[PDB]
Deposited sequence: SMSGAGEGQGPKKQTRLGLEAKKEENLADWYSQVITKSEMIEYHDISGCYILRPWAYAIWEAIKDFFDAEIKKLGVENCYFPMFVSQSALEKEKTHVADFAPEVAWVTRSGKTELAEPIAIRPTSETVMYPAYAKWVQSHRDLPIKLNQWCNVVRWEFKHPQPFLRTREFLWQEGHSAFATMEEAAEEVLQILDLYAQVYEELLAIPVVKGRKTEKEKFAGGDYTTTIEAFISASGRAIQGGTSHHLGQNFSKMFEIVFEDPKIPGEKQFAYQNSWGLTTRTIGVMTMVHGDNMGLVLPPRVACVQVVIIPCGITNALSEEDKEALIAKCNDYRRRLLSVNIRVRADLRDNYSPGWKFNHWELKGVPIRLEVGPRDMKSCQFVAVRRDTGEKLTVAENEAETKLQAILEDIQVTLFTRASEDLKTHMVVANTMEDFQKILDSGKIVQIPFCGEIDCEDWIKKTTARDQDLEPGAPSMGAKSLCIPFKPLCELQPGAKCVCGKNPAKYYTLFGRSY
C-alpha cells in the first residue's frame, strides 16, 4: 500500500483509473467479474445526479414507479445473448427459465396495453430508478462498462408522433444539462446511425462524450423514439377520436442515463493527483483542515467549527476533518485524492491574523482569504472551479474534433487521438468497412450524426467509401 497515486494518467491510463477510483474511496472490487461496489463517495455523486434529474422530469409530468426485475420468456419473444437467466431456486429447478431485465420495454408495455383504452388515457409517462443487467463477455471497466449498473429508464407513450418527437429532444437536453451543468463535461448531441440505433426503434438520439486521455468516445446517454414498433408488438392501441372504427397505435419513447456518468467525470477531470469533483456534484465542496499545545489545539477546533457553520449558512456543503490521529500533511494528500474542490486550511498564524488559505483543487492555487470575506469568496471560488473545469474540458473536445473528407486524412487524424466528422453515406456495409479499414476495437465506429455539424455537404459530395453519395456529416472515432 502506498500514499498517493503510482501511475501517471498519460503513461498507463488503465492503472491510473484503477488507482484513482480506489484511493478516492469510490470503487471497491467484487469477486464477480464486471461488477463493482459503489462506495459512498461514488454513490453521493449518483445521488446528486438523481436529485437533479428526478425533479426535472417530475416538472414535465413524468411519474416514478417500479416494475419487476424478472421478464418472462414469452414477453421477450414478443420483440438475447447478454440476458442473464435464472433457472433454479436453491436446489429445485424452475419450470422454465426467467430473465433478468437488461431493459424494461418488455416488462412495462404489456401493462401499458391494459392501461390504454381511449386516447384520454394518454400520455403515460413513467420512470424508474433501478438496476439492469447486461452480461456481456467483453472487457469490463468500472462505471463505464459494467455487467450490472444503476440507471433511470423513462418510458413514455403518446397518441401523436409530434408529442413523442418533442419529448425525445427535451429529455436529451436534460441529459446534456446533467453532463454540462452538473458534471462540467461537454457532449455532442446527435442521431445514431442505422447500425448503432436502438433495436426495434425508429431513431435514436444520443449525447457523445470524449475521453481525451485515451482518444476514445463513449455514449453518455440516449433517448429513443420507438415510434409504433413496440405498441404493435404489445397491442397498445386506442380508438381514434377523429375516425371511428379504425384503431391507432401509440407512439412511444424510452430514454436512459446510467452511473457511467461518474466514470466519465473521473476520466475527464481527474489528474495525476487523484479525483477532481465538480462543485455542483461534490457532496463535500469545502473541507476544513486545521494546520500548524492543548488549549491552542482547542482554539483551532473552535475556529474550524466557526467556518463550518458559516459555510452551511450560505448553503455550502462543508465538512471539517478534526481527527487527531492524522497529521495535516496526511489530510492534505487524503482530501486531494478524493477531489474536494476547496481545502480550507486554518493554522495558528492564519487564525490570529483573521486569515485562512483556500486551495483550489482544479488549479492548485493557494488563495489567502480574509475571515470577513469567507462566505462570498468561497462561493466565487466554487463557481470559478465549475466554470474552469467545463471550459478546459470544452476546449479539449473542440481541439480534438475535426473534419476529414478522405480515408487517408481520416486515418491520419484518427491515429493522433482525435474524433473525426466525415461525409458518410449512412449504409451499414460502409460503416463495417470503415471499422475494418481503420482497425488494421482499434477501429473507428460511428458515434453520432451531429445535430449541428461543423460543416455542410454540397451537391455531389461523395462518401469516404467513394461509391455512395454522402447523406450527412457523421462523427466517427474509437469508442469505449
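Asker: Which runs of the deposited chain sequence never show up in the coordinates?
Answerer: Counting from residue 1, the stretches without coordinates are 1-14, 94-100, 314-318, 467-475.
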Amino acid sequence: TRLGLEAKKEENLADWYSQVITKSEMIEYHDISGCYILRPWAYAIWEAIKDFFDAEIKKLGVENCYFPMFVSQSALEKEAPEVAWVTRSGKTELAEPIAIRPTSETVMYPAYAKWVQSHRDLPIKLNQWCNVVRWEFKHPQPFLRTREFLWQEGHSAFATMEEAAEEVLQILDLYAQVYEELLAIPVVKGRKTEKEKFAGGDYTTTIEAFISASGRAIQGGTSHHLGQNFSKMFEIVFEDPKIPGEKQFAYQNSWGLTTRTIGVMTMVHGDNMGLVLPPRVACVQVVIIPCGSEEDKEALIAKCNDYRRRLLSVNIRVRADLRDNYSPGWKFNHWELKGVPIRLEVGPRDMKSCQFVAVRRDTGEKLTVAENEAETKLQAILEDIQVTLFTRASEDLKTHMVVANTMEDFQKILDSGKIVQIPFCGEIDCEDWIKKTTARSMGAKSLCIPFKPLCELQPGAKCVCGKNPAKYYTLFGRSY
From here on, numbers count along this sequence of modelled residues.
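Basically, rigid core = biggest C-alpha set you can superpose within 1.5 Å across the two forms.
Asker: Return whichever of 114-122 or 68-76 has the larger RMS Cα deviation from the displayed form in 9 other deposited structures of this protein, where every structure is aligned on the rigid core.
Answerer: Once the cores are fitted, 68-76 deviates more in 9 other deposited structures of this protein.
Asker: After a core fit, does 235-243 or 314-322 show the bigger CA gap to the shown form in 9 other deposited structures of this protein?
Answerer: Of 314-322 and 235-243, the stretch deviating more in 9 other deposited structures of this protein is 235-243.
Asker: Check this for me: in at least a third of the other entries compared, is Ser441 absent while its neighbours are modelled?
Answerer: It is, since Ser441 is left out of at least a third of the other entries that model both flanking stretches.
Asker: Taking the recorded C-alpha temperature factors, which stretch has the higher mean, 355-363 or 395-403?
Answerer: Taking the mean C-alpha B-factor of 355-363 and of 395-403, the larger value falls to 355-363.
Asker: Higher mean Cα B-factor in the deposited model: 467-475 or 454-462?
Answerer: For C-alpha atoms only, the mean B-factor is higher in 454-462.
Asker: From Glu295, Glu181, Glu196, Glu153, can you pick the one with the highest C-alpha B factor in the entry?
Answerer: It is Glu295.
Asker: Name the residue from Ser446, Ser416, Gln421, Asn64 with the greatest C-alpha temperature factor listed in the entry.
Answerer: In the PDB entry, the greatest C-alpha B-factor among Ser446, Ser416, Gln421, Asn64 is found at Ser416.
Asker: Ranking every modelled residue in this chain by its Cα temperature factor as given in the entry, which third contains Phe230?
Answerer: It belongs to the lowest third of the chain when residues are ordered by C-alpha B-factor.
Asker: Ordered by C-alpha B-factor within the chain, which third holds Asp429? Give me lowest, middle or highest, please.
Answerer: Answer is highest: the recorded C-alpha B-factor places it there.
Asker: By the recorded C-alpha temperature factor, relative to the other modelled residues in its chain, which third is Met442 in?
Answerer: For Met442, whose C-alpha B-factor we compare with every modelled residue in the chain, the answer is the highest third.
Asker: How does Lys50 rank on Cα B-factor within its chain, lowest, middle or highest third?
Answerer: For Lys50, whose C-alpha B-factor we compare with every modelled residue in the chain, the answer is the lowest third.
Asker: With respect to C-alpha B-factor, does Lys242 fall in the lowest, middle or highest third of the chain as deposited?
Answerer: Ranked within chain, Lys242 CA B lands in the highest tercile.
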